[PDB]
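Here's the letter readout for the chains.
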Amino acid sequence: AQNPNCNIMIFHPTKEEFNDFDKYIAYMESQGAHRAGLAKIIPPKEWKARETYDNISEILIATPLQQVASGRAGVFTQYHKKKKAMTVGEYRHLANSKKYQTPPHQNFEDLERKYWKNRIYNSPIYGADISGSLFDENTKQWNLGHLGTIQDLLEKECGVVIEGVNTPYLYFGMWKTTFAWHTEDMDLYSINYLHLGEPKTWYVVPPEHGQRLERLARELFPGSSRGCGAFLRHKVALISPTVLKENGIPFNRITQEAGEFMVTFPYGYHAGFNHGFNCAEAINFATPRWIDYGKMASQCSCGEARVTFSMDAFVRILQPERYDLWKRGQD
Ligand SMILES: O=C(O)CNC(=O)C(=O)O
Ligand SMILES: [Mg+2]
Ligand code: NI
Ligand SMILES: [Zn+2]
């Protein structure tokens with residue numbers, strides 16, 4: 001069995017290997033990359049996402065989200081308070097202000113220590129989930145707006161044509177902006193490209209151990225767990241690496257830098273934080289190996305998780321027994 005300790009693997013494809021996206025994902029899986037839940041892909045030196053980032057300041061962040069924490073430093077939830085619209089140039093200036101800027105630090109490990117010590121005492125503002133793309137249309141390799149769609153994959157594998165679309169999303173971050181513990185909708189893959197700026201630190205639980213994280217989360221968030229049998233779908237709970245280690249939960253960590261891709265694999269729980277002002281692009285995707293995970297994915301039906309239009313068909317076709325209850329949660 002390849003990668004039996006479920007370590008995060010880092011890949012350096014050549015320009016020739018960067019042509020065929022599906023083939024390279026399958027290659028990484030042949031080497032055991034999925035067992036970690038997360039892999040890093042460093043593009044060949046010949047590749048670029050676009051020519052420059054000098055002209056992005058006028059993108060609008062219609063609904064910036066202030067991430068307010070509750071709990072203790074290592075075990076907390078966050079809620080998202082909506083703020084007034086602002087441009088990317090306005091948000092960059094805000095991120096660099098004395099109130100929000102990255103503190104002085106020695107290295108990524110020092111900054112990580114500072115994040116976990118102090119995150120709860122601040123409320124950073126995240127420009128998340130903005131439909132759009134920063135890949136140039138002429139970038140032919142690993143262009144996250146030109147991937148095979150999940151609807152087409154389901155149709156290819158299972159024969160059923162379904163409605164829905166699959167487009168990327170932009171994320172503008174600042175110091176301490178946080179992504180809570182989650183797997184993807186319908187336990188899909190995700191791919192995330194860090195276009196510019198400061199790093200993003202990731203934590204991940206191997207897919208084979210995801211239920212250990214779920215059991216800990218039910219213990220640590222007992223009111224939330226009574227409210228919903230899949231409350232991590234709400235994307236609000238944080239647990240620190242120190243608490244995971246105290247409770248014996250297997251996990252790994254890695255820092256993504258500008259110019260790097262990360263892939264999350266089906267049922268790979270992940271969480272993390274941004275080091276400072278940055279911009280990432282991410283999208284969900286599927287392969288043949290995903291279908292069995294999609295069929296088994298948990299679902300939130302309490303009403304909180306509320307998701308995209310295109311999840312309806314995935315539930316309807318892959319999980320017909322759960323469909324009626326899930327759709328009630330959507331309405
Ligand atoms: O970058 C973020 O805030 C969150 N990203 C992801 O969870 C992802 O790419 O799957
Ligand atoms: Mg612009
Ligand atoms: Ni994710
Ligand atoms: Zn729920």
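> Let's hear about the overall build of the protein: which residues, and what values?
In terms of helices and strands, the protein carries ten helices and 16 strands. For the protein, the C-alpha atoms occupy an extent of roughly 55 × 50 × 40 Å along the three principal directions. When contacts within the protein are restricted to residue pairs at least 6 apart in sequence, those whose partners lie at least 24 apart make up 83%.

> Summarise the pairing of strand 4 (residues 65-72); cite the residues concerned and give the values.
As paired strands, strand 4 and strand 5 (residues 75-82) are joined by eight bridges and run antiparallel to one another. Bridging across to strand 5, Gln67 finds its partner in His80.

> For the coordination of the zinc ion (ligand 4), give the residues involved together with the corresponding values.
The coordination sphere of the zinc ion (ligand 4) contains the protein donors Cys228 (SG), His234 (NE2), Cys300 (SG) and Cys302 (SG), at a distance range of 2.1 to 2.4 Å. Bound by four donor atoms, the zinc ion (ligand 4) shows angles of 100 to 116 degrees at the metal and therefore tetrahedral coordination geometry. Donor residues binding the zinc ion (ligand 4) come from one chain and are separated in sequence as C-x5-H-x65-C-x1-C. Taken together, the residues span a long stretch of sequence, with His234 in the loop between helix 6 (222-227) and strand 12 (237-239) and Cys300 in the loop between helix 8 (290-296) and helix 9 (311-318) at a distance of 66 residues. We classify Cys300 as buried; its relative accessible area is 6%.

> Provide a residue-level description of the site of ligand 1, including the pertinent values.
Taken together, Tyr126, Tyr171, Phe179, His182, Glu184, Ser190, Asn192, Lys200, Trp202, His270 and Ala282 are the residues near ligand 1. Contact distances for ligand 1 include 3.0 Å between an oxygen atom and a side-chain N or O atom of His182. Burial of ligand 1 by the protein amounts to 93% of the accessible area it has alone, namely 290 Å².

> I'd like a rundown of the sheet that holds strand 13 (residues 252-256), residues and numbers included.
In space, the four strands of this open sheet follow the order 9-15-11-13, with antiparallel pairing throughout. Of all the strands in the sheet, the pair left with one neighbour each is strand 9 (178-182) and strand 13. For this sheet the average axis-to-axis angle between neighbouring strands, irrespective of direction, equals 15 degrees. In this structure, strand 11 (residues 200-205) lies alongside strand 13, joined through five bridges in antiparallel fashion. Across the sheet, residue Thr201 finds its bridge partner in strand 13, namely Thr255. Helix 3 (residues 108-118) contacts strand 9, strand 11, strand 13 and strand 15 (269-274) of the sheet and is inclined by roughly 100 degrees relative to strand 15. The sheet contacts of helix 5 (residues 210-220) involve strand 9, strand 11 and strand 15, and relative to strand 15 the element is tilted by about 70 degrees.

> A description of the packing of aromatic side chains should follow, citing residues and the corresponding values.
One pass over the structure, following the stated rule, counts 31 aromatic pairs. Taken together, a centroid distance of 6.4 Å and an interplanar angle of 80 degrees make the contact between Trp175 and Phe273 edge-to-face. Taken together, the residues span a long stretch of sequence, with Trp175 in the loop between strand 8 (169-173) and strand 9 and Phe273 in strand 15 at a distance of 98 residues. You'll find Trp175 and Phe273 in the same group, each marked buried. Aromatic pair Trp290 and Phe314: ring centres 6.2 Å apart, planes at 70 degrees, arrangement edge-to-face. Here the residue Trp290 occupies a position in helix 8, and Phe314 occupies one in helix 9, the gap between them amounting to 24 residues.

> Talk me through the nonpolar core; I want residue IDs and the actual numbers.
Residues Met28, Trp142, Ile191, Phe261 and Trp290 are the most contacted members of the largest nonpolar core, which totals 39 residues. Top element by residues in this core is helix 9. It accounts for five residues. The contact partners of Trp290, leaving out residues within four places of it in the chain, are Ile150, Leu153, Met186, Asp187, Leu188, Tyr189, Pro266 and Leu318. Membership of the second largest hydrophobic core comes to 32 residues, among which are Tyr115, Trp116, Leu244 and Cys300.

> Can you lay out the pattern of salt bridges for me, pointing to particular residues and giving the numbers?
All told, the structure shown has eleven salt bridges when counted by the stated rule. Between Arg253 and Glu112 there is a salt bridge, with its nearest N and O atoms 2.8 Å apart. Of this pair, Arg253 sits in strand 13 while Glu112 sits in helix 3, placing them 141 residues apart in sequence. Taking relative accessible area as the criterion, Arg253 reaches 41% and is therefore assigned partly exposed. Overall, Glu112 belongs to the buried group, its relative accessible area being 13%.

> Which residues make up the side chain of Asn3, and what values go with them?
Assignment of secondary structure puts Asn3 in the segment before strand 1 (9-11). Its relative accessible area of 11% is what places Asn3 among the buried residues. There is a polar contact of 3.0 Å between the side chain of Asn3 and the backbone oxygen of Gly32. Beyond its immediate chain neighbours, meaning those up to four positions away, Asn3 contacts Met9, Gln31, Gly32, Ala33, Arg35 and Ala36.

Cut-offs applied
For every chain, the first residue of the written sequence is numbered 1 and the count continues from 1 onward along that sequence, whatever numbering the entry uses; residues with no coordinates are hidden. The order in which chains are written sets their letters, starting at A; the order in which ligands are written sets their numbers, starting at 1. As a rule here, side-chain values come from all non-hydrogen atoms in the structure, and water together with hydrogens is ignored. Residues with missing side-chain atoms are left out of burial classes, side-chain pairs and their counts. Secondary structure follows DSSP: runs of H or I at least 4 residues long count as helices, runs of E at least 2 residues long count as strands, and numbering of each begins at the N terminus. By the convention used here, residues are in contact when the closest approach between their heavy atoms is within 4.5 Å. Two strands are counted as paired when DSSP detects at least two bridges linking them. As a rule, N, O and S atoms within 2.8 Å of a metal are its donors, except that Na, K and Ca use 3.2 Å; water is not among the atoms, so sites may look incomplete. Geometry assignment treats four donors as tetrahedral when all angles are between 85 and 135 degrees, treats four as square planar and six as octahedral when opposite donors are over 155 degrees apart and all others between 65 and 115, and treats everything else as irregular. Relative accessibility under 20% of the residue-type maximum defines a buried residue, over 50% an exposed one, and the middle range a partly exposed one, all with a 1.4 Å probe and only protein chains included. Residues are classed as near a molecule or strand on a simple rule: at least one heavy atom within 4 Å of it. Polar contacts, as used here, are pairs of N or O atoms within 3.5 Å; protein pairs need one atom able to donate a hydrogen and one able to accept it. Residues neighboring in sequence count only if both atoms are side-chain atoms. Only the protein chains shown count as cover for residues, and all accessible areas are computed by the Shrake-Rupley method using a 1.4 Å probe. Only the contacting stretch of a helix is used when fitting its axis, a line to C-alpha atoms as for every element, and angles between N-to-C directions run 0 to 180 degrees. Note on aromatic pairs: the rings of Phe, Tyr and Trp (six-membered ring only in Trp) are paired at centre separations within 6.5 Å, and the planes decide the class, stacked below 30 degrees, edge-to-face beyond 60, tilted for the rest. The term nonpolar core refers to a set of buried residues drawn from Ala, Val, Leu, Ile, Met, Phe, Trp, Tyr and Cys, joined through side-chain atoms within 4.5 Å. Salt bridges are counted wherever a side-chain nitrogen of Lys or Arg sits within 4 Å of a carboxyl oxygen of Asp or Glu.

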